[PDB]
file my_file.csv (CSV, C-alpha atoms and all ligand atoms)
chain,number,residue,atom,x,y,z
M,1,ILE,CA,0.0,0.0,0.0
M,2,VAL,CA,1.6,3.3,-1.0
M,3,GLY,CA,0.5,6.5,0.7
M,4,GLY,CA,-1.5,4.7,3.3
M,5,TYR,CA,-1.2,4.4,7.1
M,6,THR,CA,-0.6,1.8,9.7
M,7,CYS,CA,-4.0,0.2,10.4
M,8,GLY,CA,-3.3,-0.8,14.0
M,9,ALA,CA,-3.0,-4.3,15.3
M,10,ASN,CA,-6.0,-6.4,14.5
M,11,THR,CA,-8.2,-3.5,13.3
M,12,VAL,CA,-8.9,-5.4,10.0
M,13,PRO,CA,-9.8,-8.7,11.6
M,14,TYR,CA,-10.9,-10.4,8.3
M,15,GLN,CA,-7.5,-9.8,6.6
M,16,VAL,CA,-5.4,-12.9,6.0
M,17,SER,CA,-1.8,-13.4,4.9
M,18,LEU,CA,-1.2,-16.4,2.5
M,19,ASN,CA,2.2,-17.9,3.3
M,20,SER,CA,4.3,-20.5,1.3
M,21,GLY,CA,7.4,-20.0,3.6
M,22,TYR,CA,7.0,-16.2,3.2
M,23,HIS,CA,4.0,-13.9,2.7
M,24,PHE,CA,3.1,-13.7,-1.0
M,25,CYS,CA,-0.6,-12.5,-1.0
M,26,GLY,CA,-3.5,-11.2,1.1
M,27,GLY,CA,-6.9,-12.8,1.4
M,28,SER,CA,-10.3,-12.3,3.3
M,29,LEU,CA,-11.9,-14.7,5.8
M,30,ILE,CA,-15.6,-15.1,4.7
M,31,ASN,CA,-16.5,-17.7,7.4
M,32,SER,CA,-14.6,-20.0,9.7
M,33,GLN,CA,-13.6,-22.5,7.0
M,34,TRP,CA,-13.2,-20.3,3.8
M,35,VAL,CA,-11.0,-17.5,2.4
M,36,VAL,CA,-11.3,-15.6,-0.8
M,37,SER,CA,-8.2,-14.3,-2.6
M,38,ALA,CA,-7.2,-13.6,-6.2
M,39,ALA,CA,-6.7,-16.4,-8.7
M,40,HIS,CA,-3.3,-15.0,-9.7
M,41,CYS,CA,-2.2,-15.8,-6.1
M,42,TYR,CA,-2.8,-19.5,-6.7
M,43,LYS,CA,0.1,-21.8,-5.5
M,44,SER,CA,0.1,-25.3,-4.1
M,45,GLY,CA,1.2,-25.5,-0.4
M,46,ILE,CA,-0.5,-22.5,1.2
M,47,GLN,CA,-0.7,-21.9,4.9
M,48,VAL,CA,-3.3,-19.2,5.8
M,49,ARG,CA,-2.3,-16.9,8.7
M,50,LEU,CA,-5.1,-15.2,10.6
M,51,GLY,CA,-4.8,-12.5,13.4
M,52,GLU,CA,-1.6,-11.1,12.1
M,53,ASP,CA,-0.3,-7.6,12.5
M,54,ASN,CA,3.5,-7.9,12.2
M,55,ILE,CA,4.0,-10.9,9.9
M,56,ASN,CA,7.6,-11.4,11.1
M,57,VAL,CA,6.8,-11.5,14.8
M,58,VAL,CA,4.5,-14.0,16.6
M,59,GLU,CA,2.6,-11.4,18.8
M,60,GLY,CA,0.1,-13.9,20.3
M,61,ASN,CA,-3.1,-13.5,18.2
M,62,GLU,CA,-2.2,-15.6,15.2
M,63,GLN,CA,-3.8,-18.8,13.9
M,64,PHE,CA,-1.8,-20.6,11.2
M,65,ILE,CA,-3.9,-23.1,9.3
M,66,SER,CA,-3.1,-25.1,6.2
M,67,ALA,CA,-5.4,-25.0,3.2
M,68,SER,CA,-7.1,-28.3,2.3
M,69,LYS,CA,-8.2,-27.2,-1.1
M,70,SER,CA,-8.1,-24.2,-3.5
M,71,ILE,CA,-10.6,-23.5,-6.3
M,72,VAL,CA,-9.7,-21.0,-8.9
M,73,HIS,CA,-12.7,-19.5,-10.7
M,74,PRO,CA,-13.7,-21.7,-13.7
M,75,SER,CA,-13.3,-18.8,-16.1
M,76,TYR,CA,-10.1,-17.2,-14.8
M,77,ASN,CA,-8.0,-15.9,-17.7
M,78,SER,CA,-4.4,-15.3,-16.6
M,79,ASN,CA,-3.7,-13.3,-19.7
M,80,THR,CA,-6.3,-10.6,-19.0
M,81,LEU,CA,-6.9,-11.3,-15.4
M,82,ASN,CA,-10.6,-11.5,-16.0
M,83,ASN,CA,-12.4,-13.4,-13.2
M,84,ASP,CA,-9.5,-13.0,-10.8
M,85,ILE,CA,-10.9,-14.8,-7.8
M,86,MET,CA,-10.2,-18.0,-5.9
M,87,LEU,CA,-11.5,-19.8,-2.8
M,88,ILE,CA,-9.3,-21.5,-0.2
M,89,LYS,CA,-10.8,-24.0,2.3
M,90,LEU,CA,-9.0,-24.3,5.7
M,91,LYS,CA,-8.0,-27.7,7.0
M,92,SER,CA,-9.5,-26.8,10.3
M,93,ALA,CA,-12.1,-24.1,11.2
M,94,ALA,CA,-10.6,-20.9,12.5
M,95,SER,CA,-11.6,-19.7,16.0
M,96,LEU,CA,-13.4,-16.4,15.5
M,97,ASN,CA,-12.9,-13.8,18.2
M,98,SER,CA,-12.3,-10.1,18.2
M,99,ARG,CA,-9.0,-10.3,16.4
M,100,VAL,CA,-10.2,-12.8,13.8
M,101,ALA,CA,-13.6,-12.2,12.2
M,102,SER,CA,-15.1,-12.9,8.8
M,103,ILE,CA,-16.3,-10.1,6.4
M,104,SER,CA,-19.8,-10.1,4.8
M,105,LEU,CA,-20.4,-10.7,1.1
M,106,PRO,CA,-22.4,-7.9,-0.7
M,107,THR,CA,-26.1,-8.1,-1.5
M,108,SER,CA,-25.6,-5.5,-4.3
M,109,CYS,CA,-22.7,-3.7,-6.0
M,110,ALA,CA,-21.3,-0.4,-4.7
M,111,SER,CA,-21.6,2.9,-6.5
M,112,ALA,CA,-18.8,5.0,-7.9
M,113,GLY,CA,-17.9,7.5,-5.2
M,114,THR,CA,-18.3,5.0,-2.4
M,115,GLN,CA,-15.2,5.0,0.0
M,116,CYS,CA,-13.6,1.7,0.8
M,117,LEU,CA,-10.8,0.4,3.0
M,118,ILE,CA,-8.0,-1.5,1.2
M,119,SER,CA,-5.3,-3.2,3.3
M,120,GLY,CA,-2.2,-5.4,3.0
M,121,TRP,CA,1.5,-5.9,3.6
M,122,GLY,CA,2.5,-5.0,0.1
M,123,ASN,CA,5.2,-2.6,-1.2
M,124,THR,CA,4.9,1.0,0.1
M,125,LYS,CA,7.0,2.9,-2.5
M,126,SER,CA,5.8,4.0,-6.0
M,127,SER,CA,9.4,4.0,-7.3
M,128,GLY,CA,11.5,1.7,-5.1
M,129,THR,CA,11.0,-1.2,-2.8
M,130,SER,CA,10.1,-1.2,0.9
M,131,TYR,CA,8.0,-4.0,2.3
M,132,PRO,CA,6.4,-3.3,5.7
M,133,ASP,CA,6.0,-5.9,8.4
M,134,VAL,CA,2.8,-4.4,9.9
M,135,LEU,CA,-0.5,-4.0,8.1
M,136,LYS,CA,-1.1,-0.9,6.1
M,137,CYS,CA,-4.5,0.7,5.3
M,138,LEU,CA,-5.8,3.0,2.6
M,139,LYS,CA,-9.2,4.6,2.2
M,140,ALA,CA,-10.0,5.2,-1.4
M,141,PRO,CA,-13.2,5.7,-3.5
M,142,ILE,CA,-14.5,3.6,-6.3
M,143,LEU,CA,-14.0,5.5,-9.5
M,144,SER,CA,-16.4,5.8,-12.4
M,145,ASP,CA,-16.1,3.1,-15.0
M,146,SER,CA,-15.4,5.7,-17.7
M,147,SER,CA,-12.3,6.9,-15.9
M,148,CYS,CA,-11.3,3.3,-15.3
M,149,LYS,CA,-11.7,2.3,-19.1
M,150,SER,CA,-10.0,5.5,-20.3
M,151,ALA,CA,-6.9,4.6,-18.2
M,152,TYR,CA,-6.8,1.0,-19.5
M,153,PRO,CA,-8.4,0.9,-23.1
M,154,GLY,CA,-9.7,-2.5,-24.1
M,155,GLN,CA,-8.6,-4.1,-20.8
M,156,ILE,CA,-11.5,-3.6,-18.3
M,157,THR,CA,-14.4,-6.0,-18.3
M,158,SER,CA,-17.6,-5.9,-16.2
M,159,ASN,CA,-15.9,-8.1,-13.6
M,160,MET,CA,-13.5,-5.3,-12.7
M,161,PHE,CA,-13.7,-1.8,-11.2
M,162,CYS,CA,-11.0,0.8,-10.4
M,163,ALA,CA,-10.5,2.5,-7.1
M,164,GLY,CA,-8.0,5.1,-6.1
M,165,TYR,CA,-6.8,8.6,-7.0
M,166,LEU,CA,-6.1,9.6,-10.6
M,167,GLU,CA,-3.7,12.1,-9.3
M,168,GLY,CA,-1.6,9.2,-8.1
M,169,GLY,CA,0.1,9.0,-4.7
M,170,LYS,CA,-2.2,6.5,-3.0
M,171,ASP,CA,-2.7,2.9,-4.3
M,172,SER,CA,-2.5,-0.8,-3.5
M,173,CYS,CA,0.7,-2.5,-4.9
M,174,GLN,CA,2.4,-5.9,-5.3
M,175,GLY,CA,2.2,-7.9,-2.0
M,176,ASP,CA,-1.3,-6.5,-1.5
M,177,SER,CA,-2.7,-8.8,-4.3
M,178,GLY,CA,-5.6,-11.0,-3.2
M,179,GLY,CA,-6.5,-8.7,-0.3
M,180,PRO,CA,-9.8,-7.0,0.6
M,181,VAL,CA,-11.5,-3.8,-0.6
M,182,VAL,CA,-14.4,-3.3,1.9
M,183,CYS,CA,-17.0,-0.7,1.4
M,184,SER,CA,-20.0,-0.1,3.7
M,185,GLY,CA,-19.2,-3.3,5.6
M,186,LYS,CA,-19.1,-5.6,2.6
M,187,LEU,CA,-16.3,-7.2,0.7
M,188,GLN,CA,-16.7,-5.5,-2.7
M,189,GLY,CA,-13.2,-6.1,-4.3
M,190,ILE,CA,-10.1,-8.1,-4.4
M,191,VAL,CA,-6.7,-6.4,-5.1
M,192,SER,CA,-6.0,-7.6,-8.7
M,193,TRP,CA,-3.8,-5.5,-10.9
M,194,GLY,CA,-2.7,-2.0,-12.1
M,195,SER,CA,0.1,-0.2,-13.9
M,196,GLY,CA,3.0,0.3,-11.4
M,197,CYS,CA,1.8,1.7,-8.2
M,198,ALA,CA,0.4,5.1,-7.3
M,199,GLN,CA,1.2,6.5,-10.7
M,200,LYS,CA,-0.8,9.4,-12.1
M,201,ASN,CA,-3.8,8.3,-14.2
M,202,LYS,CA,-3.1,4.6,-13.5
M,203,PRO,CA,-5.6,3.6,-10.7
M,204,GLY,CA,-5.7,0.1,-9.2
M,205,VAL,CA,-8.0,-2.5,-10.7
M,206,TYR,CA,-10.0,-4.8,-8.5
M,207,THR,CA,-12.1,-7.9,-9.0
M,208,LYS,CA,-15.8,-6.9,-8.7
M,209,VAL,CA,-17.0,-9.4,-6.0
M,210,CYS,CA,-20.7,-8.6,-6.2
M,211,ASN,CA,-20.7,-10.5,-9.6
M,212,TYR,CA,-19.5,-13.7,-7.9
M,213,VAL,CA,-21.7,-14.1,-4.8
M,214,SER,CA,-23.8,-16.9,-6.3
M,215,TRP,CA,-20.6,-18.8,-7.4
M,216,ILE,CA,-19.1,-18.3,-4.0
M,217,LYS,CA,-22.1,-19.5,-2.0
M,218,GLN,CA,-22.7,-22.4,-4.3
M,219,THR,CA,-19.1,-23.5,-4.3
M,220,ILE,CA,-18.5,-23.4,-0.5
M,221,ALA,CA,-21.7,-25.3,0.2
M,222,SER,CA,-20.6,-28.1,-2.1
M,223,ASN,CA,-17.1,-28.4,-0.8
F,301,CA,CA,2.7,-11.9,13.7
F,302,MG,MG,-3.8,-7.5,1.1
call {"tool": "encode", "arguments": {"input": "my_file.csv", "output": "structure tokens"}}
result
Amino acid sequence: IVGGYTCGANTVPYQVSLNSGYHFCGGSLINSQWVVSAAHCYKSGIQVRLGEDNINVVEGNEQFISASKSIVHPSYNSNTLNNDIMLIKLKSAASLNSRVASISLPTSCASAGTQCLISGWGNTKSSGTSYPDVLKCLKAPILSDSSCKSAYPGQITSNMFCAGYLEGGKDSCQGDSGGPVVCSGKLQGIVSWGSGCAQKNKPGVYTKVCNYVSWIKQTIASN
């Protein structure tokens, strides 16, 4: 997250860190047994880490649970990143408490102008590399689809939306991939892609979760 702030320990209780010997993507807990992340974060051998703040220090509120199965969306296209979403089932149910909570799926899509909270342990520099050890947060609004499509001609589908600041300065970045975009208490997006980070006229692109609620509900109930 570039131009964001330190969230504070366990203030984003549904945020998860996917680890394969190191943190490589974020995710969101949707219930005690399931996590949603981005399909481009797919890897075999994932351990889901819940209740994390500093990912390099065991502070006492973590729960590390291995994944039993991963399901990438049936229509995920790695070349265009269309349908960039995946579900991960935990081998054991997480213990929900104040520090570990699930986030609600949306009943409708959010409007342009709605402010959301984006979080993650990704890069914090636009030009350079600095990976933080504690969770960073960013409040950003959903942008109109017209400004989103003008920034990326021929690359935005109805399963994506842009959020951020066209002036640049504030954005999600690599390492934040797969993490949550929560607006009005519902999980509306997943950090998917963008052009560099925090660049002028290059906002971040997010998977539009409201288009996948039936697939999510149906898939978790059958697995
Ligand atoms: Ca920790
Ligand atoms: Mg994240």
call {"tool": "atom_distance", "arguments": {"input": "my_file.csv", "atom1": "atom MG of ligand MG 302 (chain F)", "atom2": "CA of residue 37 in chain M"}}
result
8.9 Å
call {"tool": "closest_atom_pairs", "arguments": {"input": "my_file.csv", "of": "chain M", "to": "ligand CA 301 (chain F)", "cutoff": "7 Å", "atoms": "all atoms listed in the file", "output": "Markdown table"}}
result
| residue | atom | partner | partner_atom | distance |
| --- | --- | --- | --- | --- |
| M:52 | CA | F:CA301 | CA | 4.7 |
| M:53 | CA | F:CA301 | CA | 5.4 |
| M:54 | CA | F:CA301 | CA | 4.3 |
| M:55 | CA | F:CA301 | CA | 4.1 |
| M:56 | CA | F:CA301 | CA | 5.6 |
| M:57 | CA | F:CA301 | CA | 4.3 |
| M:58 | CA | F:CA301 | CA | 4.0 |
| M:59 | CA | F:CA301 | CA | 5.1 |
| M:62 | CA | F:CA301 | CA | 6.3 |
call {"tool": "closest_residue", "arguments": {"input": "my_file.csv", "among": "M:11, M:95, M:79, M:28", "to": "ligand MG 302 (chain F)", "atoms": "only C-alpha atoms and all ligand atoms"}}
result
M:28
call {"tool": "atom_distance", "arguments": {"input": "my_file.csv", "atom1": "CA of residue 182 in chain M", "atom2": "CA of residue 118 in chain M"}}
result
6.7 Å
call {"tool": "residues_around", "arguments": {"input": "my_file.csv", "residues": "residue 71 in chain M", "least_positions_apart": "3", "cutoff": "7 Å", "atoms": "only C-alpha atoms", "output": "ChimeraX atom specification"}}
result
/M:86-88
call {"tool": "closest_residue", "arguments": {"input": "my_file.csv", "among": "M:148, M:134, M:119, M:212", "to": "residue 4 in chain M", "atoms": "only C-alpha atoms"}}
result
M:119
call {"tool": "residues_near_ligand", "arguments": {"input": "my_file.csv", "ligand": "ligand MG 302 (chain F)", "cutoff": "10 Å", "atoms": "only C-alpha atoms and all ligand atoms", "output": "number ranges by chain"}}
result
M: 1, 15-18, 24-28, 37, 118-122, 135-137, 172-181, 190-191
call {"tool": "build_atoms", "arguments": {"input": "my_file.csv", "residues": "range 95-121 of chain M", "atoms": "N, CA and C atoms", "output": "tab-separated table (two decimals), in the frame of the given file"}}
result
chain	number	residue	atom	x	y	z
M	95	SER	N	-10.89	-20.08	14.78
M	95	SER	CA	-11.60	-19.70	16.00
M	95	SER	C	-11.89	-18.23	15.85
M	96	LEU	N	-13.13	-17.85	15.71
M	96	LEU	CA	-13.40	-16.40	15.50
M	96	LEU	C	-13.45	-15.80	16.89
M	97	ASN	N	-12.98	-14.59	16.92
M	97	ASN	CA	-12.90	-13.80	18.20
M	97	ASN	C	-12.78	-12.35	17.70
M	98	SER	N	-12.46	-11.49	18.60
M	98	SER	CA	-12.30	-10.10	18.20
M	98	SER	C	-11.26	-9.77	17.15
M	99	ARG	N	-10.17	-10.48	17.30
M	99	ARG	CA	-9.00	-10.30	16.40
M	99	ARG	C	-9.14	-11.10	15.07
M	100	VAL	N	-10.04	-12.03	15.02
M	100	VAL	CA	-10.20	-12.80	13.80
M	100	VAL	C	-11.73	-12.84	13.56
M	101	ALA	N	-12.13	-12.22	12.49
M	101	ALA	CA	-13.60	-12.20	12.20
M	101	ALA	C	-13.76	-12.32	10.71
M	102	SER	N	-14.93	-12.70	10.26
M	102	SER	CA	-15.10	-12.90	8.80
M	102	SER	C	-15.77	-11.56	8.28
M	103	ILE	N	-15.73	-11.35	6.99
M	103	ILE	CA	-16.30	-10.10	6.40
M	103	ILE	C	-17.54	-10.62	5.59
M	104	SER	N	-18.55	-9.81	5.50
M	104	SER	CA	-19.80	-10.10	4.80
M	104	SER	C	-19.70	-9.93	3.27
M	105	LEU	N	-20.41	-10.77	2.57
M	105	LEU	CA	-20.40	-10.70	1.10
M	105	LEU	C	-21.53	-9.67	0.80
M	106	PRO	N	-21.43	-8.98	-0.31
M	106	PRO	CA	-22.40	-7.90	-0.70
M	106	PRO	C	-23.71	-8.52	-1.18
M	107	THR	N	-24.75	-7.73	-1.02
M	107	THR	CA	-26.10	-8.10	-1.50
M	107	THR	C	-26.33	-7.28	-2.79
M	108	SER	N	-25.54	-6.27	-3.05
M	108	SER	CA	-25.60	-5.50	-4.30
M	108	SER	C	-24.19	-4.88	-4.52
M	109	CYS	N	-23.99	-4.33	-5.67
M	109	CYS	CA	-22.70	-3.70	-6.00
M	109	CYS	C	-22.64	-2.30	-5.45
M	110	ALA	N	-21.45	-1.78	-5.27
M	110	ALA	CA	-21.30	-0.40	-4.70
M	110	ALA	C	-21.21	0.59	-5.85
M	111	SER	N	-21.57	1.80	-5.55
M	111	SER	CA	-21.60	2.90	-6.50
M	111	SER	C	-20.26	3.64	-6.56
M	112	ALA	N	-20.05	4.27	-7.69
M	112	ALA	CA	-18.80	5.00	-7.90
M	112	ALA	C	-18.92	6.12	-6.80
M	113	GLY	N	-17.81	6.50	-6.25
M	113	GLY	CA	-17.90	7.50	-5.20
M	113	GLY	C	-17.88	6.88	-3.82
M	114	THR	N	-18.30	5.64	-3.71
M	114	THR	CA	-18.30	5.00	-2.40
M	114	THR	C	-16.83	4.86	-1.86
M	115	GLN	N	-16.62	5.14	-0.61
M	115	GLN	CA	-15.20	5.00	0.00
M	115	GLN	C	-15.10	3.65	0.53
M	116	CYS	N	-13.95	3.10	0.29
M	116	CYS	CA	-13.60	1.70	0.80
M	116	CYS	C	-12.28	1.73	1.51
M	117	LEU	N	-12.04	0.63	2.16
M	117	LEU	CA	-10.80	0.40	3.00
M	117	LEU	C	-10.07	-0.74	2.24
M	118	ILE	N	-8.84	-0.48	1.90
M	118	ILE	CA	-8.00	-1.50	1.20
M	118	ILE	C	-6.81	-1.68	2.22
M	119	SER	N	-6.40	-2.90	2.38
M	119	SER	CA	-5.30	-3.20	3.30
M	119	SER	C	-4.35	-4.31	2.86
M	120	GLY	N	-3.17	-4.32	3.41
M	120	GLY	CA	-2.20	-5.40	3.00
M	120	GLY	C	-0.78	-5.01	3.44
M	121	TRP	N	0.05	-5.99	3.25
M	121	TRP	CA	1.50	-5.90	3.60
M	121	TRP	C	2.36	-5.77	2.32
